[PDB]
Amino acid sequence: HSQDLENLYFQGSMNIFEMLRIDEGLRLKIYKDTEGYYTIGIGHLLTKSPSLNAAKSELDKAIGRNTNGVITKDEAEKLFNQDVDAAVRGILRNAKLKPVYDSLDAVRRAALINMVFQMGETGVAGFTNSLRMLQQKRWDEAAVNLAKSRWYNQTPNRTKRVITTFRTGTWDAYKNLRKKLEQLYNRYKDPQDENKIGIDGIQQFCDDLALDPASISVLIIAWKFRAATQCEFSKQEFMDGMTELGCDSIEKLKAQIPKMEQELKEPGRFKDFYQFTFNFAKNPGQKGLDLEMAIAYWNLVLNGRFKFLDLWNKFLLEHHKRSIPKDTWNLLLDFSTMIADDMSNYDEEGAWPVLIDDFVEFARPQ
């Protein structure tokens, strides 16, 4: 009962959790962070173990049920609140942070905690001049000074909101952000289902971004938004992606697209994108991907990368209808990577899909 959120009902509805939900984002399924470690919620590290089962054990232990690696928002808030309590304890025994923290009102304390989550105690303690201004209630001067920092350059939109919070002592920046995202989402949402954007809204989104829906850039955007399926774009996907990408407008999203595209050059990221495509393309009711749909997506994602793509098309157009399983999809990229220009190094004993064995027999003589 100690962690029950009902114990916080005397607070405002806006709080540090909701603040970090906007500034960092909330994930309700176990995922791997930057450094490859299993994480959930708002940046809550579960374990450094490579074992997902280990991560699930820790999570189940913490939540008190068999989660299967999926939690609710309220469960994420409980984890986050533990983390906040630890951050506050640290602040309160730090001679450079305690005096300013103690001096601040509740809303501005949240802004300081936000900073500590982003940059750690040492990072925040480096702002000696600005912290002194805050301790002295010189809010406008503190705001001006913080805006000159590398922090501002690293995360300008988050930093601006945190600074506004210090300037005003209100949640205005966060109310405004939420409203801006709601109003933007409302431009695209399905009028018959407010939980998602349908085909017409996706088209409008593409048009607003000046992109052809058939372009690889649109698939890259879906990948960055971790979209579940090609047929719709959920409210949760839209909000989570805009949050993760640090964007509260179409202009900002447009400026981010080239950066998304560049990520495909970093280690493992093209493979991640390629594998994502299968799940996105497949009918949610089906386990495999219809061959015709697989061809369409292969032609988008592998053109200019897979030197045998045209022969692959010729091969498949002769083939009978089948569901392409995930493993066959995934292994085609590995085939593309290893295969010699004349196919002379294919290992028939490599446990490739039969489809690829058959392709090599078809192609070697062409």
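Start at 1 with the first residue shown and count on from there. Rigid core: the largest C-alpha set superposing within 1.5 Å between the two forms.
Chemist: What stretch shows more C-alpha movement in 5 other deposited structures of this protein relative to this form, 31-39 or 329-337, after the core is superposed?
Modeler: Looking at 31-39 versus 329-337 in 5 other deposited structures of this protein, the farther one turns out to be 31-39.
Chemist: Rigid core superposed, root mean square over structures and residues, which stretch has C-alphas farther from this form in 5 other deposited structures of this protein, 81-89 or 260-268?
Modeler: Between the two stretches, 260-268 moves farther in 5 other deposited structures of this protein.
Chemist: Among the other entries of this protein that model both neighbours of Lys321, is it absent from at least a third?
Modeler: Counting only entries that model residues on both sides, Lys321 is unresolved in at least a third of them.
Chemist: Is the mean CA B factor in the deposited entry higher across 347-355 or across 15-23?
Modeler: Stretch with the higher mean C-alpha B-factor: 347-355.
Chemist: Averaging CA B factors per stretch from the PDB record, which one is higher: 114-122 or 288-296?
Modeler: The entry gives the higher C-alpha B-factor average to 288-296.
Chemist: In this PDB entry, which of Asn81, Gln204, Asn283, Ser234 has the top CA B-factor?
Modeler: Of the options given, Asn283 has the highest CA B-factor in the PDB entry.
Chemist: Looking at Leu59, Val301, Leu309, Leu333, which has the highest Cα B-factor in the entry?
Modeler: So the option with the highest C-alpha B-factor is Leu59.
Chemist: Using only modelled residues of the chain, where does the Cα B factor of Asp190 rank: lowest third, middle third or highest third?
Modeler: As the PDB entry reports it, the C-alpha B-factor of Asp190 lands in the middle third of its chain.
Chemist: Please place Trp139 in the lowest, middle or highest third of its chain by C-alpha B factor as given in the entry.
Modeler: Top third by C-alpha B-factor.
Chemist: What third of the chain does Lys148 rank in for C-alpha temperature factor, lowest, middle or highest?
Modeler: Highest third, going by the recorded CA B-factors of the chain.
Chemist: Taking the chain's C-alpha temperature factors as the reference, tell me which third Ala222 falls into: lowest, middle or highest.
Modeler: Answer is lowest: the recorded C-alpha B-factor places it there.
Chemist: If you rank every modelled residue in this chain by C-alpha B factor, which third holds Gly64: lowest, middle or highest?
Modeler: Ranked within chain, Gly64 CA B lands in the highest tercile.
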